[PDB]
Peer 1: 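To start, I am sharing the structure in question, which I have written as structure tokens.
Throughout, residue positions are numbered sequentially from 1 according to the sequence presented. Every heavy atom of this structure was used, including side-chain atoms; hydrogens, water molecules and symmetry mates were not.
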Amino acid sequence: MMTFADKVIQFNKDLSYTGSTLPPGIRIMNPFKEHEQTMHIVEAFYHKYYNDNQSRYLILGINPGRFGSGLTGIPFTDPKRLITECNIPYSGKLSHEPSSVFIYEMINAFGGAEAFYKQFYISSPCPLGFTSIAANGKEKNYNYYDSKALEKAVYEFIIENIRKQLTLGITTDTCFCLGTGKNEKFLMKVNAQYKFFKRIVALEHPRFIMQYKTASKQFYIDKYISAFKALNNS
């Protein structure tokens with residue numbers, strides 16, 4: 001497929017879980033197979049912002065959840081941000097993702113969605129999410145690292161996903177890791193094993209910022225932008 005967008009679109013169309021049997025109670029959550037609207041949004045978004053053959057720097061989150069961006073298929077882009085920031089329509093119930101608020105405030109501070117997505121491509125080590133439903137009926141979303149059993153089950157699936165993302169046309173000098181906790185530890189172990197990237201720069205995850213550093217959101221905006229500028233400076 002010719003453009004960056006074409007390749008991302010085909011990746012998302014073809015994505016299916018190929019890892020090992022998951023722990024009890026956990027179901028794969030594949031945003032591109034959940035609702036028919038998701039792949040239509042995927043096509044609209046990537047054809048808008050990735051309609052070229054320029055390389056991109058990779059930013060890695062953790063993994064999708066069912067809510068928010070899980071309803072759009074677009075990383076850190078919940079329905080409201082899809083409508084107001086990307087000007088791409090969304091039919092159905094809105095779903096608030098705090099991380100999405102932060103990311104698009106950061107993107108506007110950077111110079112806007114077109115400029116930012118001209119330079120950066122957001123993915124995650126694990127491209128699928130995970131859910132369980134409790135006896136009370138409440139639904140839980142998991143990070144791939146939330147238990148040794150889950151991580152063991154999806155480990156090779158994750159490595160294969162990272163390799164596949166690199167085939168898109170990625171400048172490998174710096175990968176940005178969102179999440180200074182277990183995401184960082186995992187990706188540092190991975191990068192020491194496979195040498196995907198010359199270096200990894202970890203930044204506080206938008207969800208952490210929104211939940212525990214809320215009054216300080218501006219500082220973290222600046223921190224993100226200073227990391228992207230240092231990369232571009234050097």
Peer 1: Less than 4.0 angstrom from a charged side-chain N to a carboxylate O is my criterion; do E204 and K213 meet it?
Peer 2: no
Peer 1: Do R27 and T131 have side-chain atoms, one donor and one acceptor, less than 3.5 Å apart?
Peer 2: yes
Peer 1: Do you know which of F76, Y220, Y224 makes ring-ring contact (aromatic ring centres under 6.0 Å, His included) with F102?
Peer 2: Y224
Peer 1: Any idea how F110 and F120 line up, ring-wise: parallel (<30°), tilted (30 to 60°), or perpendicular (>60°)?
Peer 2: perpendicular
Peer 1: Between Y144 and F186, is the gap from one ring center to the other below 6.0 Å?
Peer 2: yes
Peer 1: Establish, from distance only, whether the side-chain atoms of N30 and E34 form a donor-acceptor pair under 3.5 Å.
Peer 2: no
Peer 1: Mind checking whether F116 and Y49 have ring centres under 6.0 Å apart?
Peer 2: no
Peer 1: Assess whether side-chain contact (heavy atoms from CB on, under 4.5 Å) is satisfied between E105 and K217, documenting all intermediate values.
Peer 2: CA-CA 9 Å; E105 292 188 15; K217 93 195 319 179; 3.3 Å; yes
Peer 1: Is any side-chain N of the basic residue among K182 and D146 closer than 4.0 Å to the acidic one's carboxylate O?
Peer 2: no
Peer 1: Considering all heavy atoms of both residues, which atom of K48 and which atom of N87 are nearest to each other, and what is their separation?
Peer 2: NZ-CB, 4.0 Å
Peer 1: To the nearest 0.5 angstrom, please state how far the OG1 atom of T3 sits from the OH atom of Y50.
Peer 2: 12.0 Å
Peer 1: Does the side chain of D6 come under 3.5 Å of the side chain of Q10 through a donor N or O and an acceptor N or O?
Peer 2: no
Peer 1: Measure the spacing between CZ of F157 and CG of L15 and express it to the nearest 0.5 Å.
Peer 2: 5.0 Å
Peer 1: Would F45 and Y117 count as a ring-ring contact (aromatic ring centres under 6.0 Å, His included) here? Give the steps.
Peer 2: CA-CA 10 Å; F45 174 86; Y117 291 141; 5.2 Å; yes
Peer 1: Is there a side-chain contact between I59 and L178, using heavy atoms and a 4.5 Å cut-off?
Peer 2: yes
Peer 1: Who pairs with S69 by side chain to side chain contact (heavy atoms under 4.5 Å, CB included), at least two apart in sequence or on another chain?
Peer 2: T72, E97
Peer 1: Would you check if there is a donor-acceptor pair between the side chains of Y104 and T77 at a distance under 3.5 Å?
Peer 2: yes
Peer 1: Can we call the ring centroids of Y121 and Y57 under 6.0 Å apart?
Peer 2: no
Peer 1: Any salt bridge linking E156 with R163? Criterion: basic side-chain nitrogen under 4.0 Å from a carboxylate oxygen.
Peer 2: no
